[PDB]
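Peer 1: I have a structure here, written as C-alpha cells, and I will follow up with some questions on it.
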Amino acid sequence: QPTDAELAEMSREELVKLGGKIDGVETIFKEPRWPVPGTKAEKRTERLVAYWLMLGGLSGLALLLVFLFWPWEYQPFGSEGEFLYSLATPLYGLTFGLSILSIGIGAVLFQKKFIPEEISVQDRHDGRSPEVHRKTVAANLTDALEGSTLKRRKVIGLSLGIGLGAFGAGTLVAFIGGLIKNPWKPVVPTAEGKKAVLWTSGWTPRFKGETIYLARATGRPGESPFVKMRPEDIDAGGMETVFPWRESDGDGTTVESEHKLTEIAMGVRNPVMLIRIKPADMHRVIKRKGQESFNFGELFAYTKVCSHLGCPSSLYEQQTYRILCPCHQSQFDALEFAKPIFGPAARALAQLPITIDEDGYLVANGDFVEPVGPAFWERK
Amino acid sequence: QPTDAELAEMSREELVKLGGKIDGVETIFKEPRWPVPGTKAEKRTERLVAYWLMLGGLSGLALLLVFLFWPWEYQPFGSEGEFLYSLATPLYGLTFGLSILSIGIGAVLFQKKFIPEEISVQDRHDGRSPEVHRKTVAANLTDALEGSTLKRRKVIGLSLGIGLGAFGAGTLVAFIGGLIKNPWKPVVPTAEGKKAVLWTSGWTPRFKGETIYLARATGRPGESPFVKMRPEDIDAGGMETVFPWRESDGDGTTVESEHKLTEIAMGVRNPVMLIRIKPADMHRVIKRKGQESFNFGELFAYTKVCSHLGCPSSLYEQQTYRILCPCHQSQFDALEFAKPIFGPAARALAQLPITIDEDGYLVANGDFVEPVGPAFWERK
Amino acid sequence: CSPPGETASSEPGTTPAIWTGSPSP
Amino acid sequence: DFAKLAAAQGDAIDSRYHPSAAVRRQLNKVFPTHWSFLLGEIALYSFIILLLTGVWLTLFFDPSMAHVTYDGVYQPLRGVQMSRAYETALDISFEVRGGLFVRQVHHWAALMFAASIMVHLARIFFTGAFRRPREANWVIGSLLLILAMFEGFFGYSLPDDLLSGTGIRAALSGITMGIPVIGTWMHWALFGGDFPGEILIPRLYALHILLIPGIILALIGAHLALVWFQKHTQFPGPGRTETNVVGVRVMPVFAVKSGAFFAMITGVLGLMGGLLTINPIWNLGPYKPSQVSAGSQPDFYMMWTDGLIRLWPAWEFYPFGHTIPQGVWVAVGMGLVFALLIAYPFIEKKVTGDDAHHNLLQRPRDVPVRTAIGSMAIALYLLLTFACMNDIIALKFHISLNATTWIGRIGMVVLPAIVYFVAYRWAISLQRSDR
Amino acid sequence: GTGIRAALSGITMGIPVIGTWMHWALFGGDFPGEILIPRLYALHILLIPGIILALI
Amino acid sequence: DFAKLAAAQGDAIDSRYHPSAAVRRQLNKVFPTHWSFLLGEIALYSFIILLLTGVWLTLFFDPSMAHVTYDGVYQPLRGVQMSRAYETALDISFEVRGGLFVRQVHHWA
Ligand SMILES: CCCCCCCCCCC(=O)OC[C@H]1O[C@H](O[C@@H]2[C@H](O)[C@@H](O)[C@H](O)[C@@H](O[C@H]3O[C@H](CO[C@H]4O[C@H](CO[C@H]5O[C@H](CO)[C@@H](O)[C@H](O)[C@@H]5O[C@H]5O[C@H](CO)[C@@H](O)[C@H](O)[C@@H]5O)[C@@H](O)[C@H](O)[C@@H]4O)[C@@H](O)[C@H](O)[C@@H]3O)[C@@H]2OP(=O)(O)OC[C@@H](COC(=O)CCCCCCCC[C@H](C)CC)OC(=O)CCCCCCCCCC)[C@@H](O)[C@@H](O)[C@@H]1O
Ligand SMILES: CCCCCCCCCCC(=O)OC[C@H]1O[C@H](O[C@@H]2[C@H](O)[C@@H](O)[C@H](O)[C@@H](O[C@H]3O[C@H](CO[C@H]4O[C@H](CO[C@H]5O[C@H](CO)[C@@H](O)[C@H](O)[C@@H]5O[C@H]5O[C@H](CO)[C@@H](O)[C@H](O)[C@@H]5O)[C@@H](O)[C@H](O)[C@@H]4O)[C@@H](O)[C@H](O)[C@@H]3O)[C@@H]2OP(=O)(O)OC[C@@H](COC(=O)CCCCCCCC[C@H](C)CC)OC(=O)CCCCCCCCCC)[C@@H](O)[C@@H](O)[C@@H]1O
Ligand SMILES: CC(C)=CCC/C(C)=C/CC/C(C)=C/CC/C(C)=C/CC/C(C)=C/CC/C(C)=C/CC/C(C)=C/CC/C(C)=C/CC/C(C)=C\CC1=C(C)C(=O)c2ccccc2C1=O
Ligand SMILES: CC(C)=CCC/C(C)=C\CC/C(C)=C/CC/C(C)=C/CC/C(C)=C\CC/C(C)=C\CC/C(C)=C\CC/C(C)=C/CC/C(C)=C/CC1=C(C)C(=O)c2ccccc2C1=O
Ligand SMILES: CCCCCCCCCCCCCCCC(=O)O[C@H](COC(=O)CCCCCCC[C@@H](C)CCCCCCCCC)COP(=O)(O)O[C@H]1[C@H](O)[C@H](O)[C@@H](O)[C@@H](O)[C@@H]1O
Ligand code: HEM
Ligand code: HEM
Ligand code: HEM
Ligand code: HEM
Ligand SMILES: CCCCCCCCCCCCCC(=O)O[C@H](COC(=O)CCCCCCCCCCC)COP(=O)(O)O
Ligand code: FES
Ligand code: FES
C-alpha cells in the first residue's frame, strides 16, 4: 500500500505492475516487437499495415460512389440496362465487404507486428468465497427473515401464499384467455345445420341439392379466374386442379364476387385433382368401400391436400398412377383409391364424387365421406 | 480480518454488524415492533394484515371466475344483455386491480408494523478515487498507447482515420440511402406532362378539356357511388362536400371502379366545399385578383382543406358566411375570397373555378391557380 | 408579413361559359 | 427441512459463482425513505406495466394500412371500409376477451408513465438534484422524457381512428412540410411519399413497439445504474451530512416497501383500466381524409404543443418567392424548450458560479429564483395544456367567439409573470418564517 | 408458406387431446387465418430477440 | 492540447463516478488466446449484425395477410394477387435502394 508521496516518484512501468498486482495479474513476458531501431523491415511492415488500411478506405469511398451513381432501378427482362442492374447489388457487397474486411486485416496485422507480445497470468480466486463473506451474507439474509417475524405468523404466511397464488392464477388465465378458441364451435353454414370448420370445406353443400362446379383456374387475376369444365376438356392420363365454384360466386368483376372467389383460391381443403385414367388401365382400378360410384367413368377426383401434413400432393405420374407429395415424398396409388404406398403418409386421399349436369359440365356428386387434410385427435 | 476460529462462535447479531462494517453501513438504531409479546394489540394487528392479504386471494379468485363465467360478448345498444356486457370490462379491472392493491397494502402494513424500525448510516465514498486506483489506471491506459507505438507511426494513424471515416461515411450513406425520396420527381400524369405530387390534386386535368364533375357522395365517400350535382341542388345558405369524379371512374360496381373511387376519397387535397350565397348578399362580396370569374352565379367553390395545417374544415356558419376549421379554430370569410380572419391561418383557401356542362351538372372550369393545402418552403 | 400573391381586387368578373368537354380521354 | 434445502442451494451457488461479497454489498445498500423519492419509482413501475401489456397487444394487432371491409360484431360500423389497423383495434376491444380491459390499462399506464416523469422532473428541478456529480443523469433523464414524449404520440396513432388520424395530418405533416428548404424532403422520407401514404402505420408500429422502447430501456438501465452507484442524495436533517447516506437497508425494509409499492401501481392502474373508459375509438369510426373529427384530441403529455399552435399568431414569412408558414414557430419552440431543458445544469453552473460536489438537496425555499422559474414553467405548461379546450371554454361567458385566444395570447406573458412574482415572494417569506 | 403449412399447422393439429386447441389459439382460426403473420412478426422482432439478448 | 484534454476529461469522469478501480479491474482481465475461443464471438458478432440489419428492414415491411394486387416494377408479377407481407417484401428488394443488399446480408447473417 504505497502512500501519496510514494506514488508520485514511480514510473509508468512500476505503476502498471502495481495495478496488476492489485488486480492479481502478473505479466511474465513483455517485449517490444522491434527492439532494433532503424531497420528496413520495420519500415516495410509499417507500409504493409498502411496499405491494407488504405485499401479499406478506398473501398469505402467506392461504396459511397457506387451507392449514389450506379444504376440501381430494376430493369425488365431483355432490356439494355438489365446487365447493369444485375451488378447493382453485387457491387454494393463487394465495396462494403472489402472495405471493413481490409480495415480488420490491417488491425490484426498491427496487433501481430507492432503491439508488444505479452503473457499475463491472473489468479482465478474461484470456487467458494471466503468464509468471512459466506457468514456475513448468510447472517444478513437470516436476520432479515427471522427479525421480520414472519415464520411465527402462520395466518399471515398462509394468506400471503394463497393471495399471491390466487392472484397469479387469475392474471394468468386472463392473459391467455383471449387466445383460447373453441376448435369445434359450429360457424360454417351447411345443409344440415352449422358445423365446425375442420369438418367442412369448399365442397360442402350449403343447402340440399346445391350445384358445385369443378372449375379450373384460368391463371389470370379477375375476369373470370374460374370457368366451367367439360369431361372432354382433359385427355387420358391428364391431371388438372379444380376448385369448388358456384353460380352465386360470380365472375369476379364486382368487388363482392372477387372476395367470394378469394376464399375459393385460399381454401386449404378446396383444391382437388381431376385425373383421367387410361381406358386400357381401367381393369386395374380397385374401388374403396363406400366410394365405388364416386367416379364418372374414367375420370377420378382426389383431394390435392396430402393426408400426412397438408402439403399439396400434385406430382401425379400418368403411367405409374403414383401421386407424389413433394414435401415428405409420400406416394399414393391412384388406381387403388389413392392408397399410400410410400413415405410417412398412412391414410388415403379423400375421393370426391363427381358427375355431370344437364349442360355437360362436371359437377360434384356430394361431399367427401371423410375429413380432408391432416388427421387430428378427434378424427374418425 | 478475523480468522475462521473467531467466526465459529460469532452470533448472528454481531455477524450482521461485521458485514455492515465492511460495507460501511452502521445500523445505529433497531427495535422490535412489539416489546411485550402476547399483547392483544399485536394479535389484532396480525388479523388486520391477514385480512388485507385474504382479500387479495378472494378478489384474485373472483377475477378467474368473472373472466370464465360471465357474458363478455359485445351487445348492441338497447338489448336484453346490453347491461351485463357493460359490466364485463369494469368487473375485469375491479377484480384484478383490487386483488393486487390489497396485497400491496397488506405487505406495506406488514413492514410498518412487524418488521423492526431501522435507521442506518452508510459512509458514501464519492468524489475521486484514493490516488492509487487513479495512477494505476492512467498508467495502464498510457502504457497501451505508448507500448503500441501508434503515436510515432503517422502513416498508420492517418490511414486508420481515413479508412474508418471513408467506411463510416459510405455505410451511413448506404444505411439512410433508401429513405431519401425526391419530392419533386414528376410522377403524376397531368395535362402538361408529369408534375410533382404537391402541385397536383384530384382536380388536375390529365388532358386538355377533361371534364370533372362536382359529384356528391351518396353515403360514405369512397364506399358509395358518386352522383352528379345540379346547380340548384343546394338551397341558398347550404354546403356540400364535392369530390373530383370523372365519367370513366364508374360508380363502384366493379373492382377497378371501386379502387378509383377509393383513391378519390383518400385524396388529401380532393374534397371541395360548395357554398351558395343568398342573392340579397352579393353587394358585400369581394373577389380575388385572378379568380374574379371563378364563381358561377351564386355558387362558390372553395377547397375543404385548411391552408394552415391541412385539417378538412367541415363546420360552416351560414348566418355569418364563415368557414370554421375545427382543429385550430380558424374562421374563413367566404365573402372575402375565403380569407382567414382569425386564428393561426394566414393564407386564403384556394378557390376552384366552376361552370356548367351541356348536361347541366356542376363541373369544374379548370385547375386551382395556387397550391392547395398547407404551405411549404417551395410554395409560391 | 402578408402573402404577396393574395391581394384583393375590385374587378367585377364575367359569367363562366358552358363547359363542352374534350373527347379522347 | 426447508432450511437444509436453502443451505444446499446457497452452498451450490456460492461454490460456482462466489457472489457472497457482491450480494452482501447489494443487501446493505442504504436508500433514503423520503416520500418524494418514490416519484421515479412510479415512472419505472408504469414502464414495466407498459412492457407487459404492450406485448399482449401485439398478438392481435395488424399495423397495415390496407383497405378492408368491416365484418366483426360492431353493428354501427358494419360494411364500413377501413384499414387493417382500425379493424384489429376494434377486434381487440370487442372480439377478444379482455382486450378492452388490456387496451384501457395500457393507455392508462401511458398517462401515469408520462405524468410521473413530469412530476419526478419537478422534484429533481426544485430540490437541485441536477448538480454535480449528477449532471449527466439529468441529461439521460431529459432524453427519456423526449423519447417518452414521442412514444406515447406514436402509440396513440396506432389504431388509426379519426381523432388520431387528424393528429398525424395536423402535426406530423403540415408542420413537417412547412419546414424551410428541407421540409418536404423529410415528409417524403417519413411517409414514403405524400399523406397518408401506405407505410405510415407500419413504420410507426416498428418504431413504437421495439425501436423507441429499446432506446428507452437502454437509457432507463443506464439511469438506474447511475443512481445505484451514485448513492442517491438525501435531504438535510439530523445526522445527514455530505459524506453519508441516511435511510434503510435494501433487505428487508426497502425491498418489501419497494416491491409492495409496485403492487399498488398495478392495482391503481388496473382499477382505472376497468372502471374508467379512455379513448373510445368505435364512436368516430376509421380515419378518412374526407370527413373530420372536431379536435385532434391528444393526451395531456402531447397536448401543450397543440395549445401553442392555436395561441401563436398567424405570422408567416415569404423570402424571395418562398414560404415560411406558422408551423415553423411551433417546431422551433419545441427545439428551444428541449435544448434548454437538457442543458439546464450547465447554464445554472455558469450563472451561479458553483462547481463543487453536492450531496444534500437544496430546499426549494432556499433558492427563490429557481423556484419561481420552475413555478413559471409549470404555470406556462398548464396554460398551454388547457389552451386547446377553447371550444368548451368559449361557451362559458358568451362575450365573444374569438376572445378566448386573446385571453390565451395575452395570458402567456401576464400569468407566468404573476406566478413568478408570487413564487418569488413566497420563497422569501418562508425563509424568514423559521429563522 | 408450404413449410409453415406443414410444420406449423399439420404437426400442431396432429398432437393428442390438446392439438387442435393450440393450432386454433396460435393461428386465430383455421389455416392460414389472418393473424399468423402479424403475430409471427411481433414474436420475431420483439419477443424472441428480446429473450435472446437477455440470455446473451 | 490533446494530452491536456485527455487528462481534463479523465479527471472529470473520476471526480463524479470514481470509475478507476472498476475499470482497471476490467482492463487487466486475462483471456486465453486459443483460436477455438473465438468461435463464440462469431455468433455474438452475427447477432449484432442481425440487430442492425433487422432494424433497417422493419422500416419498410408491412406484416399483413390482406390480399392486394401488385403494381410494382417487377413485370413477372404484375396483377398477381398477394398479401401485404409479400407486397412490401418485393418493395424492399426492388423499390428501395440497397434493400436487396440489406435483405441478403440479414439472411446470410
Ligand atoms: C389426459 C390426456 C390423455 C388421453 C385421454 C383423455 C381424453 C379422452 C376422453 C375424450 C376426449 O378426447 O376429450 C378431449 C376432446 O374433447 C372434445 O372432443 C369431443 C370428442 O372427443 C371428439 O372426438 C369429437 O369430435 C368432438 O366433437 C366435435 O365433433 C363432433 C363430430 O364428431 C364425430 O364425427 C366425426 C366425423 O364424422 C362427421 O363429420 C362431421 C361432423 O358433423 C360431418 O361431416 C358429419 O356429421 C359426419 O358424420 C357422418 O356420420 C355418419 C356416417 O356414417 C352418418 O350419420 C352421416 O353420413 C354423417 O355424414 C368423427 O371424426 C369424430 O371422431 C366424432 O365421432 C360434433 O358432433 C361436435 O359438435 C364437435 O364439433 C367432441 O367435442 P365436444 O362434444 O364439443 O365437447 C365435449 C368436452 C370433452 O369431453 C371430455 O370428456 C373432456 C374430459 C376428458 C379429456 C381431458 C380434459 C380434462 C382433464 C383436466 C382438465 C386436467 C387438469 O369438451 C371439453 O371439455 C374439452 C376441453 C379441452 C381439453 C383439456 C385437456 C387438459 C389441458 C392441459 C393438458 C374437443 O374439445 C377436443 O378438442 C378434445 O381433445
Ligand atoms: C443553406 C440553407 C439556408 C437557405 C438558403 C439556401 C437555399 C436557397 C437557394 C434555392 C433553394 O431553395 O434550393 C433548395 C431547393 O431546391 C429544389 O427546389 C427548386 C426551387 O427552389 C423550388 O422553388 C422549385 O419549386 C423546385 O422545382 C419544382 O417545382 C417547379 C415549379 O415551381 C415553380 O412554380 C411553382 C407554382 O406554379 C406552378 O405550379 C405547378 C408547377 O408545375 C403547376 O401547377 C404550374 O406549372 C404552375 O405554373 C403556372 O405558372 C404561370 C402562372 O402565372 C403560368 O405559366 C401557368 O398558368 C402555370 O400554371 C412555384 O410555387 C415555385 O416557387 C416555382 O416558381 C418545377 O418546375 C420542377 O420540375 C420541380 O417540381 C426546384 O427544384 P429542381 O429544379 O427540381 O432542383 C434544383 C436543385 C436546387 O438548386 C439549388 O440551388 C441547390 C443548392 C442551394 C441549396 C442548398 C443545398 C447545397 C448546400 C450543401 C449541400 C450543404 C453541405 O435541386 C437540389 O439540388 C436540392 C437538394 C436538397 C437540398 C440540400 C440542403 C442541405 C442538406 C442538409 C441541411 C428542391 O430540391 C427543394 O426541395 C429544395 O429546398
Ligand atoms: C389481466 C391482464 C392481462 C392484465 C395485464 C397484465 C399485467 C400488466 C399484469 C401485471 C402483473 C404484475 C406487474 C405483477 C406484480 C406483482 C407483485 C409486484 C407482487 C409483489 C407482492 C409482494 C409479496 C410484495 C413484497 C414481497 C417481495 C419482497 C417482493 C417484491 C419484489 C420487488 C419488486 C422488489 C424490488 C427490489 C429492488 C431492489 C428494487 C427497487 C426499485 C428499483 C428497480 C430501483 C430503482 C431505485 C434506485 C436504484 C434508488 O437508488 C432508489 C433510492 C431511493 C428510493 C428509491 C430508489 C429506487 O427505486
Ligand atoms: C473552471 C473551468 C474553466 C472549468 C472547465 C470545465 C469543466 C470543469 C469540465 C467540463 C464539464 C462541464 C461540467 C462543463 C460544461 C460542459 C457542457 C457545456 C456540456 C454540454 C453537454 C450537453 C449539452 C449534452 C449533450 C446533448 C445531447 C446528448 C443531445 C442533444 C439534444 C439537444 C441539445 C437538442 C434537442 C432538440 C430536439 C431533439 C428537437 C426535436 C424536435 C424537432 C425540432 C424536430 C422536428 C419535428 C419532427 C421531425 C417531428 O417528427 C414532429 C412530429 C410532430 C410535431 C412536430 C414535429 C417536428 O417539429
Ligand atoms: C451529389 C449528391 C449527393 C451528395 C453527396 C453526399 C451525400 C449526403 C447524403 C445524401 C445521401 C442520400 C441518397 C439519395 C438517393 C438519390 O440519389 O436519389 C435522388 C435524391 O435527390 C438528391 O439528389 C438530393 C441529395 C440528397 C438530399 C437529402 C435530403 C435532406 C435530408 C433532410 C433528408 C432527411 C433524412 C432523415 C434525417 C434528418 C433528421 C435530422 C434530425 C433522387 O431521388 P428519387 O430517385 O426521386 O427517389 C428514389 C426512391 O424512389 C427509391 O425508392 C430509393 O429510395 C432511392 O433510389 C431514391 O433516390
Ligand atoms: C423517464 C423515465 C424515468 C424513470 C424510469 C426514472 C426513475 C428514477 C428512479 C427510480 C430514481 C431513483 C430515485 C427516485 O426514484 O427518486 C431516479 C432518480 C433520478 N432521476 Fe429519474 N426517472 C425518469 C426520468 C427522469 C427525468 C425526466 C429526469 C431529469 C430531467 C431524471 C433525473 C433523475 C436524477 C437526477 C435522479 C437522481 C436524483 C438524486 O440522486 O437526488 N429522471 N429516477
Ligand atoms: C414505454 C412507453 C409507452 C407508451 C407511453 C405507450 C403509449 C401507448 C398508447 C397511448 C397507446 C394507445 C392506447 C389505445 O389506443 O387505447 C399505445 C398502443 C400500443 N402500444 Fe404502447 N406505449 C408504450 C410502450 C409500449 C411497448 C413497450 C409496447 C411493446 C409491444 C407497446 C405496444 C403497443 C401496441 C401494440 C399498441 C397498439 C394496441 C392498440 O392500439 O390497441 N407499447 N401505446
Ligand atoms: C446465441 C448463442 C451463443 C452465443 C452468442 C455465444 C457466445 C459465447 C462467447 C462470446 C463466449 C466466450 C468464450 C468463447 O467464445 O468460447 C462463450 C462461452 C461459452 N459458451 Fe457460448 N455462445 C452461444 C451458444 C452457446 C451454446 C449453444 C452453448 C452450450 C450448449 C454455450 C455454452 C458456453 C460455455 C459453457 C461457455 C464458457 C466456455 C469457457 O468458459 O471456456 N454457448 N459463448
Ligand atoms: C437472432 C436474431 C434473428 C434471426 C436469426 C433472424 C432471422 C431472419 C431471417 C432468416 C429472415 C429472412 C430474410 C429473408 O428471407 O430475406 C428474417 C427476416 C426479417 N427480420 Fe430477422 N432475424 C433476427 C433478428 C431480427 C431483428 C432484431 C429484427 C428487427 C429489429 C428483425 C427483423 C426482420 C424483418 C422485418 C424481417 C422481414 C424482412 C424481409 O423478409 O424482407 N430480425 N429474419
Ligand atoms: C464525450 C467525451 C467522451 C470521453 C471518453 C473518454 C476520453 C477521455 C479518456 C480519459 C483517459 C484519462 C487517462 C489519464 O491519463 O488521465 C489521468 C486522469 O486521472 C485519471 O486517471 C482518471 C481515471 C478515470 C479513467 C477511467 C475512465 C474510463 C476510461 C476508459 C478508456 C478506454 C491523468 O493522470 P496523471 O495526472 O497523468 O497521472
Ligand atoms: S406433407 Fe404430404 S408427405 Fe408429408
Ligand atoms: S388546421 Fe385548419 S386551423 Fe390549424
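Please note that chains go A, B, ... in the order of the C-alpha cells, that every chain numbers its residues from 1, and that ligands are numbered from 1 in the order shown.
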Would you name the residues within 8 Å of ligand 5, counting only C-alpha atoms and all ligand atoms, and put them as number ranges by chain?

Peer 2: A: 67-69, 72-73; B: 173-174, 176-185; D: 182-183, 185-186, 189-190; F: 95-97

Peer 1: Can you pull out every residue from chain E that DSSP, working from the backbone, puts in helix (DSSP H, G or I), and format the result as number ranges by chain?

Peer 2: E: 2-13, 20-27, 36-55

Peer 1: Just the selected residues (N, CA and C atoms), exported as a compact mmCIF listing (two decimals), in the first residue's frame, please.

Peer 2:
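Dumped to again11.txt:
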```
# COMPACT_ATOMS: atom_id res chain seq x y z
N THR E 2 -45.47 -23.07 -47.72
CA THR E 2 -45.59 -24.52 -47.70
C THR E 2 -44.94 -25.10 -46.45
N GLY E 3 -43.78 -24.58 -46.07
CA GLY E 3 -43.14 -25.02 -44.84
C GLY E 3 -43.96 -24.68 -43.61
N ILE E 4 -44.57 -23.50 -43.60
CA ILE E 4 -45.46 -23.13 -42.49
C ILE E 4 -46.65 -24.07 -42.44
N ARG E 5 -47.27 -24.33 -43.60
CA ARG E 5 -48.47 -25.15 -43.65
C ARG E 5 -48.20 -26.56 -43.12
N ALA E 6 -47.07 -27.15 -43.51
CA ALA E 6 -46.77 -28.48 -43.00
C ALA E 6 -46.34 -28.40 -41.54
N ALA E 7 -45.19 -27.77 -41.28
CA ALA E 7 -44.57 -27.85 -39.97
C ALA E 7 -45.42 -27.20 -38.88
N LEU E 8 -45.83 -25.95 -39.09
CA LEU E 8 -46.50 -25.22 -38.03
C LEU E 8 -47.95 -25.66 -37.83
N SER E 9 -48.60 -26.16 -38.88
CA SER E 9 -50.02 -26.49 -38.81
C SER E 9 -50.27 -27.99 -38.64
N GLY E 10 -49.78 -28.82 -39.56
CA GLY E 10 -50.15 -30.22 -39.54
C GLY E 10 -49.62 -30.95 -38.32
N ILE E 11 -48.38 -30.64 -37.91
CA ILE E 11 -47.83 -31.25 -36.71
C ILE E 11 -48.58 -30.77 -35.47
N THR E 12 -48.90 -29.47 -35.42
CA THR E 12 -49.59 -28.92 -34.25
C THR E 12 -50.99 -29.51 -34.11
N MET E 13 -51.71 -29.65 -35.22
CA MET E 13 -53.06 -30.20 -35.15
C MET E 13 -53.07 -31.71 -34.95
N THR E 20 -55.51 -29.49 -31.60
CA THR E 20 -56.24 -28.50 -32.44
C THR E 20 -56.58 -27.27 -31.61
N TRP E 21 -56.42 -27.34 -30.30
CA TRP E 21 -56.68 -26.17 -29.45
C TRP E 21 -55.50 -25.24 -29.58
N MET E 22 -54.28 -25.78 -29.65
CA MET E 22 -53.09 -24.92 -29.80
C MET E 22 -53.11 -24.33 -31.20
N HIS E 23 -53.41 -25.15 -32.19
CA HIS E 23 -53.44 -24.62 -33.55
C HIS E 23 -54.44 -23.47 -33.67
N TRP E 24 -55.64 -23.68 -33.14
CA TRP E 24 -56.72 -22.66 -33.16
C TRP E 24 -56.27 -21.41 -32.41
N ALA E 25 -55.58 -21.60 -31.30
CA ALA E 25 -55.14 -20.46 -30.49
C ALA E 25 -54.02 -19.69 -31.17
N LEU E 26 -53.06 -20.40 -31.78
CA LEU E 26 -51.92 -19.74 -32.40
C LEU E 26 -52.30 -19.05 -33.70
N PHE E 27 -53.09 -19.71 -34.54
CA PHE E 27 -53.46 -19.16 -35.84
C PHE E 27 -54.68 -18.26 -35.78
N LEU E 36 -51.68 -14.84 -38.35
CA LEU E 36 -50.42 -15.57 -38.19
C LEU E 36 -49.22 -14.67 -38.46
N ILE E 37 -49.21 -14.00 -39.61
CA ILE E 37 -48.05 -13.18 -39.98
C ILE E 37 -47.82 -12.03 -39.00
N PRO E 38 -48.82 -11.22 -38.63
CA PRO E 38 -48.55 -10.17 -37.63
C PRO E 38 -48.07 -10.73 -36.30
N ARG E 39 -48.64 -11.85 -35.85
CA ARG E 39 -48.18 -12.47 -34.61
C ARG E 39 -46.75 -12.99 -34.75
N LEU E 40 -46.45 -13.63 -35.88
CA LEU E 40 -45.08 -14.08 -36.13
C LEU E 40 -44.13 -12.90 -36.22
N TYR E 41 -44.56 -11.81 -36.87
CA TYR E 41 -43.73 -10.63 -36.98
C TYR E 41 -43.41 -10.05 -35.60
N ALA E 42 -44.41 -9.96 -34.74
CA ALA E 42 -44.18 -9.45 -33.39
C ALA E 42 -43.23 -10.37 -32.62
N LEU E 43 -43.51 -11.67 -32.63
CA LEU E 43 -42.66 -12.62 -31.91
C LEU E 43 -41.24 -12.61 -32.45
N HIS E 44 -41.04 -12.29 -33.74
CA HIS E 44 -39.71 -12.32 -34.40
C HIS E 44 -38.96 -11.00 -34.28
N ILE E 45 -39.63 -9.89 -34.06
CA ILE E 45 -38.90 -8.63 -33.99
C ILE E 45 -38.77 -8.14 -32.55
N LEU E 46 -39.68 -8.54 -31.66
CA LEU E 46 -39.64 -8.03 -30.30
C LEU E 46 -39.43 -9.10 -29.25
N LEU E 47 -40.26 -10.16 -29.25
CA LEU E 47 -40.28 -11.08 -28.12
C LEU E 47 -39.06 -12.00 -28.11
N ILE E 48 -38.92 -12.83 -29.15
CA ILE E 48 -37.82 -13.80 -29.17
C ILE E 48 -36.45 -13.12 -29.20
N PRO E 49 -36.19 -12.12 -30.05
CA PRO E 49 -34.90 -11.42 -29.95
C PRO E 49 -34.68 -10.75 -28.61
N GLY E 50 -35.74 -10.28 -27.96
CA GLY E 50 -35.59 -9.71 -26.63
C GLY E 50 -35.14 -10.74 -25.61
N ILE E 51 -35.69 -11.95 -25.68
CA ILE E 51 -35.25 -13.02 -24.79
C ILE E 51 -33.82 -13.44 -25.13
N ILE E 52 -33.49 -13.49 -26.42
CA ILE E 52 -32.15 -13.88 -26.83
C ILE E 52 -31.11 -12.89 -26.31
N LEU E 53 -31.40 -11.59 -26.45
CA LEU E 53 -30.47 -10.58 -25.95
C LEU E 53 -30.32 -10.67 -24.44
N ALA E 54 -31.42 -10.89 -23.72
CA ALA E 54 -31.34 -11.07 -22.28
C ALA E 54 -30.54 -12.31 -21.92
N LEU E 55 -30.75 -13.41 -22.64
CA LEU E 55 -29.98 -14.63 -22.39
C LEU E 55 -28.52 -14.44 -22.78
```

Peer 1: Please indicate the distance in Å from atom CA of residue 224 of chain B to atom CA of residue 252 of chain B, rounded to one decimal place.

Peer 2: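 Distance between the two atoms: 7.0 Å.
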
Peer 1: Provide as number ranges by chain the residues of chain B at most 6 Å from chain D, counting only C-alpha atoms.

Peer 2: B: 74, 89-90, 93-94, 97-98, 100-101, 104, 107-108, 119-124, 179-181, 183, 266, 268, 309, 326-328, 344-346, 374-380

Peer 1: Can you list, as JSON, numbers by chain, every protein, DNA or RNA residue that comes within 10 Å of segment 10-24 of chain C when you count only C-alpha atoms, leaving out same-chain residues fewer than 6 positions away?

Peer 2: {"B": [207, 208, 209, 210, 211, 212, 285, 286, 287, 288, 289, 290, 291, 292, 293, 294, 295, 296, 297, 353, 354, 355, 356, 357, 358, 359, 360, 362, 363, 364, 365, 366]}

Peer 1: With a distance threshold of 9 Å and counting only C-alpha atoms, extract the residues of chain F near chain E and express them as a list in words.

Peer 2: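 Matching residues, ligands excluded from the count: residues 44, 47, 51, 54, 55, 58, 62, 63, 64, 65, 66 and 85 of chain F.
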
Peer 1: Enumerate as a PyMOL selection string the residues within 9 Å of ligand 4, counting only C-alpha atoms and all ligand atoms.

Peer 2: (chain D and resi 132-133+135-136+139-140+142-143+146+150+153+167-168+170-176+179+186-187+190+305+327-328+330-347+349-350+355) or (chain F and resi 8-9+11-12)

Peer 1: For chain B, work out the contacting residues on chain A at 6 Å, counting only C-alpha atoms, and write them as a list in words.

Peer 2: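 So the contacting residues turn out to be residues 12, 15, 16, 19, 50, 53, 54, 56, 57, 60, 61, 63, 64, 115, 136, 139, 140, 148, 156, 159, 160, 162, 163, 166, 167, 170, 253, 254 and 255 of chain A.
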
Peer 1: What parts of segment 199-373 of chain D does DSSP call strand (DSSP E)? I'd like the answer as a ChimeraX atom specification.

Peer 2: /D:245-249

Peer 1: Taking only C-alpha atoms and all ligand atoms into account, list the residues no farther than 6 Å from ligand 6, as a list in words.

Peer 2: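 My answer, listing the contacting residues, is residues 37, 38, 39, 40, 41, 43, 44, 117, 121, 124, 129, 130, 134, 137, 138, 141, 142, 144, 145, 220, 227, 232 and 233 of chain D.
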
Peer 1: Any chance you can output those residues with C-alpha atoms as a tab-separated table (two decimals), in the first residue's frame?

Peer 2:
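Result file is result-v9.tsv:
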```
chain	number	residue	atom	x	y	z
D	37	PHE	CA	-38.18	9.79	-3.69
D	38	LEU	CA	-40.95	7.42	-4.83
D	39	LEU	CA	-41.75	9.69	-7.79
D	40	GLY	CA	-39.23	7.93	-10.02
D	41	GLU	CA	-40.46	4.54	-8.72
D	43	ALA	CA	-42.45	6.01	-13.68
D	44	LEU	CA	-40.31	2.86	-13.65
D	117	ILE	CA	-41.90	11.69	-15.31
D	121	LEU	CA	-38.77	16.11	-13.07
D	124	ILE	CA	-35.20	16.98	-9.39
D	129	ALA	CA	-30.57	17.20	-7.68
D	130	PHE	CA	-29.18	18.01	-11.15
D	134	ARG	CA	-25.48	14.10	-11.09
D	137	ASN	CA	-28.02	11.82	-15.03
D	138	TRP	CA	-30.17	14.88	-15.79
D	141	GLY	CA	-33.35	11.62	-17.88
D	142	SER	CA	-34.13	14.56	-20.16
D	144	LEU	CA	-36.02	9.81	-21.61
D	145	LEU	CA	-38.75	12.46	-21.40
D	220	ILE	CA	-33.52	3.55	-18.16
D	227	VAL	CA	-28.49	6.22	-9.27
D	232	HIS	CA	-28.85	8.78	-4.21
D	233	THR	CA	-28.93	12.06	-2.28
```
